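Just so you know, residue 1 is the first one in the sequence shown, and it goes up from there. Computed from heavy atoms alone, side chains included, the values below leave out hydrogens, waters and symmetry copies.
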Amino acid sequence: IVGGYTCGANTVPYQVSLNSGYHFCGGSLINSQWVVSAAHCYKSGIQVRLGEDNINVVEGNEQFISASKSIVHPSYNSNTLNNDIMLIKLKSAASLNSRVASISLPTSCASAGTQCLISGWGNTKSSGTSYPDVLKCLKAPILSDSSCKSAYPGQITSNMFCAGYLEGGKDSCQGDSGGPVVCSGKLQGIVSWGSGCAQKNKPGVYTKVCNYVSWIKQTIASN
Ligand SMILES: NCCc1c[nH]c2ccc(O)cc12
Ligand SMILES: [Ca+2]
């Protein structure tokens, strides 16, 4: 997260770190046994880390739970990043508490101008590299479909939205992938892609979770 703030320990209780020997993606806990992330975060050998603030120190609220199954959206296209969503089932249920909590799926799609919270452990610089150890947060609005299409001509599908700032300086970045965009206490987006980080006229692009609620619910019901 570029141009964000330090969230504060366990203030984003649905935020997960996907770990394969090191943090490589974020995700969101949507019930005690399931995580939502980006399809571009897919790999085998995932450990889900819940209750994290500093990902390099054991602070005492963590739960580390292996993935039993990963389900990439059936229509994910790695070239276009259309349908950039995946579900991860945990081997055992998380213990839910004030610091490890699920985020609700949306019943409706959020409108342009809605303020959201984006979070992650990704890079904090728009040029060069500095990876924070503690969770970073950014408040950002959802942009109009027309401003998003104007920023990324020919690349925005009905399964994507833009959020952030056309002036630059504030955005999700590398390592924030798969993490949550939460608006009015609902999961509306997943950190998906963009042209670099925090560049002028190049806001972040997010998977539009409201389009996937039936797939999520039917997949969880049967797996
Ligand atoms: N808006 C940040 C999007 C993002 C997701 N993953 C990324 C990887 C590299 C990068 O430059 C950017 C990204
Ligand atoms: Ca920790």
Side-chain angles (χ1 to χ4, degrees), residues 1-8 10-17 23 25-30 36-38 40-41 52-53 81 84-85 101 103-106 108-127 129-132 134-153 155-212:
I1 301 289
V2 182
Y5 60 100
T6 300
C7 301
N10 307 121
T11 61
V12 187
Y14 52 80
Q15 173 85 46
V16 316
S17 170
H23 167 84
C25 272
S28 298
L29 192 64
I30 58 160
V36 187
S37 187
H40 79 260
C41 291
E52 287 283 19
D53 188 46
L81 294 181
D84 188 16
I85 186 168
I103 187 74
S104 299
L105 293 176
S108 69
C109 295
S111 304
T114 304
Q115 282 262 321
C116 306
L117 179 72
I118 309 171
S119 51
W121 287 277
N123 189 8
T124 60
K125 304 328 235 319
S126 48
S127 63
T129 289
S130 183
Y131 284 88
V134 296
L135 190 66
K136 300 285 145 160
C137 276
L138 177 62
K139 292 185 184 183
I142 294 172
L143 297 175
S144 67
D145 185 56
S146 59
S147 80
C148 188
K149 288 188 165 145
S150 294
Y152 297 103
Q155 303 157 73
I156 303 299
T157 73
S158 69
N159 299 314
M160 298 172 190
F161 65 90
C162 287
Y165 299 89
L166 294 179
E167 52 267 43
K170 296 186 201 131
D171 201 357
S172 57
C173 202
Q174 205 253 44
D176 292 320
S177 283
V181 183
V182 168
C183 329
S184 302
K186 313 282 182 190
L187 180 70
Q188 292 285 353
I190 301 165
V191 178
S192 178
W193 67 277
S195 179
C197 308
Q199 309 293 304
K200 199 139 122 47
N201 296 135
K202 294 293 167 170
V205 189
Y206 300 89
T207 309
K208 190 176 180 156
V209 171
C210 63
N211 286 357
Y212 297 99

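Note that the NZ atom of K125 and the SG atom of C197 stand 12.5 Å from one another [nearest 0.5 Å]. Taking CD1 of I156 as the start and SG of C148 as the end, the distance is 3.5 Å to the nearest 0.5 Å. One distance of note links CG of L138 with CD1 of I118; it measures 5.0 Å at 0.5 Å rounding. Note that NZ of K202 is 9.5 Å distant from SG of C162, once rounded to the nearest 0.5 Å. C7 SG to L117 CG: the interatomic distance, rounded to the nearest 0.5 Å, is 6.5 Å. For the atom pair SG (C137) and OH (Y5), the distance works out to 4.5 Å, reported to the nearest 0.5 Å.
Between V36 and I85, the closest side-chain pair of non-hydrogen atoms falls below 4.5 Å. Residues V205 and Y152 have side chains in contact (heavy-atom distance under 4.5 Å, counting atoms from C-beta outward).
Heavy atoms only, all atoms of each residue included: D53 and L135 are closest at OD1-N, 3.4 Å. Residues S28 and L187 come closest through the heavy atom pair OG-CD1, 3.7 Å. In this structure, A38 and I190 approach most closely via the heavy-atom pair N-CG2, 3.8 Å.
Applying the salt bridge (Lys or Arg N to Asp or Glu O under 4.0 Å) criterion to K149, with sequence neighbours excluded, gives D145. For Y165, there are no ring pair (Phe, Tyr, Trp, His ring centres under 6.0 Å) partners, not counting sequence neighbours. For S127, there are no side chain to side chain donor-acceptor pair (under 3.5 Å) partners at least two apart in sequence or on another chain. Evaluation of the side chain to side chain donor-acceptor pair (under 3.5 Å) rule for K208 yields no partner, not counting sequence neighbours. Taking the side chain to side chain donor-acceptor pair (under 3.5 Å) definition, one finds that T11 meets it with nothing, sequence neighbours left out. The side chain to side chain contact (heavy atoms under 4.5 Å, CB included) check on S150 picks up nothing, with sequence neighbours excluded. The side chain to side chain donor-acceptor pair (under 3.5 Å) check on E52 picks up nothing, with sequence neighbours excluded. Scored by the side chain to side chain contact (heavy atoms under 4.5 Å, CB included) test, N159 finds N82, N83, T157, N211, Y212 as partners (sequence neighbours excluded).
Listed by first then second residue, pairs satisfying side-chain hydrogen bond (donor to acceptor under 3.5 Å, both in side chains) with a partner in residues 186-200 read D84-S192, not counting sequence neighbours.
Side-chain contact annotation: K136 with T6, donor-acceptor N/O pair under 3.5 Å present. For the residue pair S144 and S147, a side-chain donor N or O sits within less than 3.5 Å of a side-chain acceptor on the partner.
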**Prompt:** Given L29 and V16, is the side chain to side chain contact (heavy atoms under 4.5 Å, CB included) satisfied, shown in steps?
**Reply:** CA-CA 7 Å; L29 192 64; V16 316; 4.3 Å; yes
**Trace of the side chain to side chain contact (heavy atoms under 4.5 Å, CB included) decision for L105 with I30** = CA-CA 7 Å; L105 293 176; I30 58 160; 4.2 Å; yes
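Although no hydrogens or angles enter the test, the distance criterion places no donor-acceptor pair under 3.5 Å between the side chain of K170 and the main chain of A140. In terms of modelled atom types and a separation under 3.5 Å, the side chain of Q15 and the main chain of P13 share no donor-acceptor contact.
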Taking distance alone, no hydrogens or angles, what donor-acceptor pairs closer than 3.5 Å link side-chain atoms of residues 172-183 to residues at least two apart or in another chain?
unit_1: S172; atom_1: OG; unit_2: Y206; atom_2: OH; d: 2.8
unit_1: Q174; atom_1: OE1; unit_2: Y131; atom_2: OH; d: 2.8
unit_1: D176; atom_1: OD1; unit_2: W121; atom_2: N; d: 3.3
unit_1: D176; atom_1: OD1; unit_2: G122; atom_2: N; d: 2.8
unit_1: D176; atom_1: OD2; unit_2: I1; atom_2: N; d: 2.7
unit_1: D176; atom_1: OD2; unit_2: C173; atom_2: N; d: 2.8
unit_1: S177; atom_1: OG; unit_2: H40; atom_2: NE2; d: 2.7

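Paired with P203 under the rule side chain to side chain contact (heavy atoms under 4.5 Å, CB included), one option of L166, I142, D171 passes, and it is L166.
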